[PDB]
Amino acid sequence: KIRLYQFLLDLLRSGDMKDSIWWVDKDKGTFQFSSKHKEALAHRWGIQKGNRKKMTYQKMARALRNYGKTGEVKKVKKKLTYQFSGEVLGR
């Protein structure tokens, strides 16, 4: 089953939800969610996963924060903005 960080990277590469998520500095791997349209993207994540409940952006971001220690995704000090690691971007 796909991991959350890979789901997000795949969206960014395909452009499929460009109103919900976008690169800020693609060379650095920084990306940002839409304040008004992030819930549609969260819903898609939960449906892809087959989760019992409807996914919310809050719960998705709770999972994103768990990558901070291992490093795949880190929060950036800008609204709704995160950053993939170089390792993630290379693969």
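Note that residue numbering begins at 1 and tracks the sequence as displayed.
Report task. Mind pulling up the entry and telling me whether 69 to 77 or 20 to 28 has the higher mean Cα temperature factor? Result -> Result: 69 to 77.
Query raised in the report: Which third of the chain holds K49 when residues are ordered by C-alpha B factor: lowest, middle or highest?
Result: Tercile = middle for this residue's CA B-factor.
Query raised in the report: Going by what the PDB entry lists, where does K59 fall on CA B-factor within its chain: lowest, middle or highest third?
Result: Lowest third of the chain for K59's C-alpha B-factor.
Requested in this report: Report the third (lowest, middle or highest) to which the CA temperature factor of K38 belongs, ranking only the modelled residues of the same chain.
Outcome: Lowest third.
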